[PDB]
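Participant:
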């Protein structure tokens with residue numbers, strides 16, 4: 001209750017991205033990327049050097065041995081390089097042998113409490129019922145306390161939305177380029 005710590009903070013410098021977990025620093029603070037925990041840097045801030053929006057873009061979250069809060073953050077930043085400059089004779093790039101051709105086939109995707117998707121240049125928040133509007137992108141209930149309509153993704157939508165209380169409280173925040 002000092003400076004709003006119930007949300008993920010973001011501070012990108014050049015092509016780096018440091019996000020502060022929505023809680024105190026935990027010596028064992030476990031972070032997560034695209035739904036994968038990374039037992040490497042358990043610092044309150046998650047700095048990502050050379051953040052390639054290609055694969056470095058997606059959801060991110062953290063947890064501690066005493067603080068468990070289901071919260072996801074859609075981090076989408078853009079940092080690369082204008083045209084080319086240096087040189088690299090090693091230009092092979094062989095992609096003739098591929099094992100997957102659909103981001104992991106279509107066996108499963110997502111269906112938890114709340115979830116956000118971007119289709120037809122549009123983004124919406126889906127929850128098992130009425131969606132709690134925390135702050136930031138406060139679009140509009142698509143049908144009636146179930147889906148949100150922020151509009152397009154090029155508008156740099158950024159906010160959070162928790163589900164209703166019933167079987168499991170869920171919260172998700174979005175961050176499109178700062």
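In PDB author numbering, the protein residues as written are 1 to 178.
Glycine included, each C-beta is placed from N, C-alpha and C at the ideal position.
From the DSSP secondary-structure annotation, give me the bridge partner or partners of residue 8.
Facilitator: Working through the chain shown from its first residue, we reach residue 8 at position 8. In DSSP, residue 8 forms no bridge with anything.
Participant: State whether the segment 25-38 contacts the segment 63-71, with contact taken as three or more CB pairs (one from each stretch) at a distance under 8 Å.
Facilitator: Touching, yes, given that three or more Cβ pairs across the two stretches are closer than 8 Å.
Participant: In the structure shown, what three-state DSSP assignment does residue 79 receive?
Facilitator: For the purposes of this step, residue 79 is identified with residue 79 of the chain shown, where counting begins at 1. Three-state result, residue 79: coil.
Participant: Looking at C-beta atoms only, is the number of pairs between the segment 45-62 and the segment 92-106 that lie closer than 8 Å three or more?
Facilitator: Contact fails: fewer than three Cβ-Cβ distances are below 8 Å.
Participant: Quick check on DSSP: helix, strand or coil for residue 55?
Facilitator: Here residue 55 refers to the residue found at position 55 of the chain shown. Residue 55: helix per DSSP, three-state reduction.
Participant: Take residue 121 and list the residues in its own chain whose beta-carbon comes closer than 8 Å to its own, dropping the five residues that flank it on each side.
Facilitator: Start at 1 with the first residue of the chain shown, and residue 121 comes out as number 121. Cβ within range, chain order: 152, 153 and 154.
Participant: Is the CB-CB distance between residue 22 and residue 5 below 7 Å?
Facilitator: Along the chain shown, one-based indexing puts residue 22 at 22. Along the chain shown, one-based indexing puts residue 5 at 5. Against a cut-off of 7 Å, the Cβ pair of residue 5 and residue 22 comes out as a contact.
Participant: Determine the contact status of residue 191 and residue 145, defining contact as a CB-CB distance below 7 Å.
Facilitator: What is shown of the chain runs 1 to 178, which leaves residue 191 out entirely.
Participant: For residue 51, which residues of its own chain have a beta-carbon under 6 Å away from its beta-carbon, when the five flanking residues on both sides are left out?
Facilitator: Mapped onto the chain shown, residue 51 falls at position 51. The answer, listed in chain order, is 15, 17, 77 and 79.
Participant: Go ahead and label residue 126 buried or exposed: buried means 16 or more other beta carbons lie within 10 angstroms of its beta carbon, across all protein chains shown.
Facilitator: Within the chain shown, numbered from 1, the residue matching residue 126 stands at position 126. Looking at its Cβ environment, which holds 16 or more other Cβ atoms inside 10 Å, residue 126 is buried.
Participant: Report the three-state DSSP secondary structure of residue 42 (helix, strand or coil).
Facilitator: Here residue 42 refers to the residue found at position 42 of the chain shown. Residue 42 falls in the coil class under three-state DSSP.
Participant: So if DSSP puts residue 160 in a beta bridge, which residue, or which two residues, is it bridged to?
Facilitator: Locating residue 160 in the chain shown gives position 160, counting from the first residue. Residue 160 is bridged to 135 and 173.
Participant: Taking the continuous beta strand (DSSP E) assigned at residue 123, which residues delimit it?
Facilitator: In the chain shown, the residue the question calls residue 123 occupies position 123. It spans 122-126 - the beta strand (DSSP E) in which residue 123 sits, taken as one unbroken run.
Participant: Within its chain, find whatever has a CB closer than 7 Å to the CB of residue 157; leave out the 5 residues flanking it on each side and keep chain order.
Facilitator: For the purposes of this step, residue 157 is taken as residue 157 along the chain shown, with counting starting at 1. Once the five neighbours on either side are set aside, the close Cβ partners of residue 157 are 123, 137, 150, 174 and 176.
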